[PDB]
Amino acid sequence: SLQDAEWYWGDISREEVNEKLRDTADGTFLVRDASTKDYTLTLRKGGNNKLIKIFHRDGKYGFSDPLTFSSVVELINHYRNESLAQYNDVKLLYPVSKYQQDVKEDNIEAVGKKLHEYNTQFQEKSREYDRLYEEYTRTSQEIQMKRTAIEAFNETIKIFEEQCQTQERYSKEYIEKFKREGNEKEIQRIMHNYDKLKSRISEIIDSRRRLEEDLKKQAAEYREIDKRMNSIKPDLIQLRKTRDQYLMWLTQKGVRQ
C-alpha cells in the first residue's frame, strides 16, 4: 500500500532528506524515488546518511539478489522489526512521517492568505537581522581598531617614559655642574624642558584612558548585539521554514506539470 506510507516521500530532493535527517538518532529513515525516475531508502547511522537502493525485477524487491519481497512496503516492514546486520546493523526504527508534518488550513484562499502574512513577517525580520549583522560587523571591526590603537599608545608611553629616564641620567651631573657655577637660569632651562615632557606624557596617558573607556563601552555594545542576534537567528529559521511549507502546500493543492 505504497503512496499511503508515512515514510514514502516521492520526488523529494537528497538535500531535503538531509535537512529532515540532520542531527537525528541512528535508525531514523525515509524512502523516496531515486534521483533517476526505482526507489532509494535513506538511513541514519554513525552520524551519516546512508543511501540504500531498492532493486526491482519480475515484481520482486530487495537491496541485493535474491529479491525476496513482494512490495517496497513488505521490504521496509521486515527491516522495521529485524536488523540490517544480515545484509550489512540497525532496525528501521524512526520513520519520518509526511502526515506528522502538520499547516492544517483547508483551502487555497486560506493557505494563500496565511503565506502572504508569513512572507511579509519573513522579509520584515530578514531586513532586521541584515541590519543587525551590519551593526555587528562594524562594531567588531572598530573594536579591532581600538585594540591596535591602545597597543600603539602603550608603546608611545614606553618611549616617552624612557625619555624621562634619559633626562634623569644626564641632568643629575649637569645640575650639579651648574649649581657650583651658579647658573640658576640654565637649571631653569633643564627643568622647563622636563616639565614639557611630563605634560606630554600626561596628555598621551589621558588619550589612551579615554580610548580604553570607548573600548569598554563598544565591547559591551558588541555583547548586546550578539545577544540580540543569537535571539533573532533561531526564530528567522523557523519563520523561513513555515513560509517554505505554505509555499509547498500551495504548489501541491493547485494544478501541476
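Start at 1 with the first residue shown and count on from there. Throughout, rigid core stands for the largest set of C-alpha atoms superposing within 1.5 Å between the two forms.
Larger root-mean-square CA separation from the shown form, computed after a rigid core fit of the structures in 8 other deposited structures of this protein, is seen for 114-122 when 145-153 is set against 114-122. Superposing each structure in 8 other deposited structures of this protein on the rigid core shows that the farther-lying of 124-132 and 105-113, by root-mean-square Cα distance, is 105-113.
In the other compared entries of this protein that model both flanking residues, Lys198 has coordinates in every one, well short of a third left out. In the comparison with other entries of the same protein, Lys37 is left without coordinates in at least one third of those covering both sides of it. According to the entry, the deposited sequence has no residues without coordinates between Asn81 and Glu82, so the chain runs continuously there. Deposited sequence between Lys37 and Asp38: 1 to 3 residues lack coordinates.
On average the C-alpha atoms of 55-63 have higher B-factors than those of the other stretch, with 40-48 and 55-63 being the two compared.
For the segment pair 65-73 and 204-212, the entry gives 65-73 the higher mean B-factor, averaged over Cα atoms. Between the residues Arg180, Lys158, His116, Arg127, the entry's highest C-alpha temperature factor is the one at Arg180. Across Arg138, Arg131, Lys146, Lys172, the entry's maximum B-factor at the CA atom is seen for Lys172. Ranked by Cα temperature factor within the chain, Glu162 sits in the lowest third according to the deposited record. Residue-level temperature factors show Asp102 in the highest third of its chain, judged at the C-alpha atom. In this PDB entry, the Cα temperature factor of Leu92 sits in the top third of its chain's modelled residues, the highest group.
Among the modelled residues of its chain, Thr120 has a C-alpha B-factor that falls in the middle third, as given in the PDB entry. Annotation for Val111: CA B-factor lies in the middle third of the chain's modelled residues.
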